[PDB]
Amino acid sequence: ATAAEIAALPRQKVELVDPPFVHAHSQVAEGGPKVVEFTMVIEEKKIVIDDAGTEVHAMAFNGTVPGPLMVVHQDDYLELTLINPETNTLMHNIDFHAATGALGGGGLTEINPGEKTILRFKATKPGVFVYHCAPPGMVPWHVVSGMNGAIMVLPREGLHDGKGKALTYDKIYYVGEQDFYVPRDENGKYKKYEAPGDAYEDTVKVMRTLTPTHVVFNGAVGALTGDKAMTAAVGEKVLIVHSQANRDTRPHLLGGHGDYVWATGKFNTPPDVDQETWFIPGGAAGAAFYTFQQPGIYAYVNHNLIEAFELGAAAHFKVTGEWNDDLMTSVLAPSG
């Protein structure tokens, strides 16, 4: 539309929330197109990713791994203020796979420590999409240091199944999956470094083996288990957005299914149904909709079970409610 029209659209600032939770939004669009404003400060910081105190010099959008989920509707504009504090040591930028032009915005957002930038793009295609830092010449290093997240561009009319029936979730979670490549010394002990750059050579060597030392959800082994398990109740409809900016994954809800799964993450592509295990290629996000039918603890994993149970890619859901014996029952409990 006209230049005047774009400048006249309402501007709305949104307060972000850390993963796996999601900021306030409406499934069906409220009002016409808007310029949705977000601000994220980049934090380079050491984080511990396992039970052995293993460290990673994370490069984190908004201070978290993965970066937070930004939600807008189709044809809204997303206007991001990206800040790189003088306390950081590296130049960073951002590539929105949802965006069109300039390497997803990467070519217009290269900010050195002490700089900020504001990028606006029209969210023309509906779906969940990965976003990640991509400084020319050091792209994978930043991505596998945790500098990635995802956004969801909801259709203005909300989600629908393959027959056009509405699919309205009761709650949504964002599971960002991260492959880490941590160097080890000759004794097999993970190495620690004073500054991010100090680990560059050692890390690229591990990266070239295409074999991550850790594969985790929400930045650490067990981050979404125990007292940090995600929750639901029998009868509740849940949308699980999942992304992996660098490597393939195959999500599976143990004890459940993906009733409707937009495996490619794009809402104009009809969702697959009754899925046991879906597939999200590296560089993409996907979304699965499920209505819980049984109470109890569920595991949500990357179904290469070595990656899930040896490398860290396992989360839990704690579900409340009444057990359904029609669906499943122990006719004879374990006995001699």
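Note that residue numbering follows the sequence shown and begins at 1.
Student: Which is higher in the entry, the mean Cα B factor of 162 to 170 or that of 128 to 136?
Tutor: For C-alpha atoms only, the mean B-factor is higher in 162 to 170.
Student: When the Cα temperature factors in the entry are averaged, is it 175 to 183 or 79 to 87 that ends up higher?
Tutor: If you average the C-alpha B-factors of 79 to 87 and of 175 to 183, the larger mean comes out for 79 to 87.
Student: Highest Cα temperature factor in the entry, among the options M40, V36, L311, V28: which one is it?
Tutor: By C-alpha B-factor in the record, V28 ranks first.
Student: In this PDB entry, which of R156, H92, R120, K205 has the top CA B-factor?
Tutor: Top of the list by C-alpha B-factor: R156.
Student: Once the chain's modelled residues are ordered by C-alpha B factor and cut into thirds, is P281 in the lowest, middle or highest one?
Tutor: According to the entry, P281 has a C-alpha B-factor in the chain's lowest third.
Student: Pull the Cα B-factor of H214 out of the PDB entry and bin it into the chain's lowest, middle or highest third.
Tutor: CA B-factor rank for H214: lowest third.
Student: What third of its chain's C-alpha B-factors does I297 belong to: lowest, middle or highest?
Tutor: Within its chain, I297 is a highest-third residue by C-alpha B-factor, going by the deposited values.
Student: Ranking every modelled residue in this chain by its Cα temperature factor as given in the entry, which third contains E201?
Tutor: Within its chain, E201 is a middle-third residue by C-alpha B-factor, going by the deposited values.
Student: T225: which third of its chain by C-alpha temperature factor?
Tutor: Tercile = highest for this residue's CA B-factor.
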